[PDB]
Amino acid sequence: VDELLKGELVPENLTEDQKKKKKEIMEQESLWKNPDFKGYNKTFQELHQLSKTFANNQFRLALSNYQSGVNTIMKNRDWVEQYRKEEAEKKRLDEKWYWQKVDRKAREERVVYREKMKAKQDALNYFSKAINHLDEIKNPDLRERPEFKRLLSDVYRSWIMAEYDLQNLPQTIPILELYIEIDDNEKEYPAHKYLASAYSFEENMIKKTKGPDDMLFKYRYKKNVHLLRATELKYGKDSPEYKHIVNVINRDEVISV
Amino acid sequence: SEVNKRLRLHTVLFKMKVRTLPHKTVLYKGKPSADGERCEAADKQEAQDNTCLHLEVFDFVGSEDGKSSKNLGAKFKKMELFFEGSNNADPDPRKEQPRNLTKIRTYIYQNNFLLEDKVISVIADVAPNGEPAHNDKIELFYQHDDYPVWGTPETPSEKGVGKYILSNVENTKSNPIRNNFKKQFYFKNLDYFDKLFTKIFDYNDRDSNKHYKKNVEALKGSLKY
Amino acid sequence: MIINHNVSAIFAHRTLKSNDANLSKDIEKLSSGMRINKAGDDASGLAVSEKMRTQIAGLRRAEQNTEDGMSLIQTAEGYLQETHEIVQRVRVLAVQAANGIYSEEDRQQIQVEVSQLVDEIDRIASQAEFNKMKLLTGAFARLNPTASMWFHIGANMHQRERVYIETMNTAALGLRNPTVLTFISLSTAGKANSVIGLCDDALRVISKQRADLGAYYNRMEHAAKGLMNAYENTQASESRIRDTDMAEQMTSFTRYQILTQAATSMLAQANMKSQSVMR
């Protein structure tokens, strides 16, 4: 079942009394029709942020930004593949030594890396816009819909991957912790692997700057917990990988006999 | 016009698994709903029982001012195709002959949040193919701020208000409303959606070509050793 | 001879009454210095004179308005002078940081100054003011303004011109991401090299804004010179219609004063003439 097939958050169209109330509200609005009206007090107008129409518009804005970011990533991947093919297929009449081929390969790698970083930055901008658009849907019931959860999970995952590839590891921790609270996302081991790496980076940064011992212990414990969880989810409990990770964590952490 | 014939050539997409779509474009296959008003999305998008095509494109109020991110309002343009008779037993979408169009429904929506202005326009052609001139079976509906109610017929006493068939409009030299509508909107709208369907087909066939080329590259990669 | 009435005295008194009123009108023009003092002297001249007087006060005030506009333009251009030097300093620091002999620690020590420079750019953008109005924050931009700046540089209703000032903070200069708010870094040689280009783009944006303000200043200078020229010509036009000629008016005053003396002398003669036949 594709939750994004209709590209909408909630379908808006039953009680006879409700229909009568809607008709009377429409009749009242007809009398006071004034498109030039602007409310000095913003509260009553800001009540619109709890409606279905506002939520649908914001959902579609976020979907548009998310599609733009995914398009950036995929187009960059296609460009990299095509560029590698073209570089391999073109003639080199002045290339006769092995070190010249090594230099050419290094140049191609430099170009590819630069393009990849540029694409990641642009996609991250789009994903941040999508996150901001999704953050201002204030209806608790509409945030519980499957379509909202699917779009939020996709946007969070793409943002986390882009930000990790840009080497901003600590910034991904709050987003990952939000991500693993949606549906059964806690059962996906890649999230725990990302969390283990990010918490290891935080612990190393605390150690390098000689920061407080409390933060060092907290970061190390979080890293060990998420590493063990990622190991169990991918390889299973009481597996050789699980036993090895248990031994490593036991060595790493503080225990008392 | 003959574009109604062309709209029968988009029956190829019924058995074609659509994965690549244009930006802010929604497309799905389904069955007619109660009274045949709209298309209801089917759980399985590849079943032969599918008989309707739904194509939608949305935008945002204020995009011409560069203010789409301000959330000023919503708008979208969609139209739905309706066919009759079960689709063929074979599952291949590549070889598909045009089928008969039961009805063609077009839907224009716009809602300005700041101005509290909502406009909905609906066109329904219940006799698409069969006559080059079927004005008596073309329904036009205009609704502003949820008025008039949905499905309200037009009375000759109050002309221009409510759901009116196209034959109720005047087409004199003084006011060629029929001819102006047909020349300006309907032809361009049908052509735009036909070209969108063809573009979707082009992209989803380029997808398979790319898959074949990728397999060829993977196989060729083993010749280095 | 008739003694019941003195027709000669009546005529001499009628002549004296008329000339006395002419003397009073000459005193009004000499003491005030204006040719037209009351309605009835020159109604068309008074209406043209008072229309010109409104223009003269308007032109003088419009000249004052223009100089205040020049002050605002001059003030805004002064703030961008500090912003220009800071970006130049970042640009020289990026060339040094792009070299390969430095380590991560030396590049971090360069980034320590870069952070201060970025903060000072933001502070300049935030605190540049003229009469408590923020200038460089983006309020007076063209695309999405929150306000507009018009200078009323004429004496009449719609004689006003508009001035635009674009945003001049780190985000507007391309040195800070407008969506994530992370800014440029020099702590890596690769990053330092790409900062060099970013500083070049930032400098071009600052140079363009300064040229716009210099263009605004030059136009107001011409207008202020023209307004002064217009003021001189109008005041000369008003004086020629309204202001009395003292030398010419004194001649009229003397003539009427002597005429009063002659009429009084003859009136005393007309009163005595009646007594002749009483003998």
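Per chain, numbering begins at 1; letters A, B, ... match sequence-line order.
- A salt bridge links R84(A) to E109(A): at least one charged side-chain nitrogen sits closer than 4.0 Å to a carboxylate oxygen.
- With respect to the salt-bridge test (charged N to carboxylate O, under 4.0 angstrom), the residues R123(C) and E120(C) qualify.
- Between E56(B) and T25(B) there is no side-chain heavy-atom pair separated by less than 4.5 Å.
- Remark: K6(A) is positioned above the aromatic ring of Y28(B), its terminal NZ or CZ atom under 6.0 angstrom from the ring centre and at most 45 degrees off the axis.
- A salt bridge does not link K237(A) with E232(A): none of the charged nitrogens is closer than 4.0 Å to a carboxylate oxygen.
- Taking a cutoff of 4.0 Å between a charged side-chain nitrogen and a carboxylate oxygen, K116(A) and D165(A) do not qualify as a salt bridge.
- Checked for salt-bridge contact, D2(A) and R150(A) meet the test: a charged N lies under 4.0 Å from a carboxylate O.
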### Query
Checking salt bridge (charged side-chain N to carboxylate O under 4.0 Å, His left out) for the pair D49(B)/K31(B): CA distance, chi angles, key distance, verdict?
CA-CA 8 Å; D49(B) 322 84; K31(B) 294 177 182 178; 5.0 Å; no
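- Side chains of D154(A) and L4(A) form a contact here, defined as non-hydrogen atoms less than 4.5 Å apart.
- When side chains are defined from C-beta on, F60(B) counts as touching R60(A), because their heavy atoms get closer than 4.5 Å.
- The shortest distance between side-chain heavy atoms of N224(A) and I245(A) does not fall below 4.5 Å.
- The aromatic ring centres of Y194(A) and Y164(A) sit less than 6.0 Å apart.
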### Task
For the pair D78(A) and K75(A), evaluate salt bridge (charged side-chain N to carboxylate O under 4.0 Å, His left out) and give the outcome as yes or no after the intermediate values.
CA-CA 5 Å; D78(A) 290 339; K75(A) 288 295 169 53; over 6 Å; no
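- When side chains are defined from C-beta on, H226(A) counts as touching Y199(A), because their heavy atoms get closer than 4.5 Å.
- Electrostatic pairing of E95(A) and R104(A) counts as a salt bridge here, judged by a charged N lying under 4.0 Å from a carboxylate O.
- Closest approach of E202(A) to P170(A), counting heavy atoms only: OE1-CB, 3.5 Å.
- A salt bridge does not link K243(A) with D238(A): none of the charged nitrogens is closer than 4.0 Å to a carboxylate oxygen.
- Here the shortest heavy-atom pairing between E115(A) and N76(A) reads O-ND2, 3.5 Å.
- A heavy-atom distance below 4.5 Å is not found between the side chains of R176(C) and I184(C).
- You'll find the side chain of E217(B) reaches within 4.5 Å of the side chain of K85(A), heavy atoms only.
- At distances below 3.5 Å, not a single donor-acceptor pair connects side-chain atoms of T188(C) with backbone N or O atoms of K191(C).
- Considering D207(B), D202(B), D205(B) in turn, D207(B) is the only one that fulfils the side chain to side chain donor-acceptor pair (under 3.5 Å) rule with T20(B).
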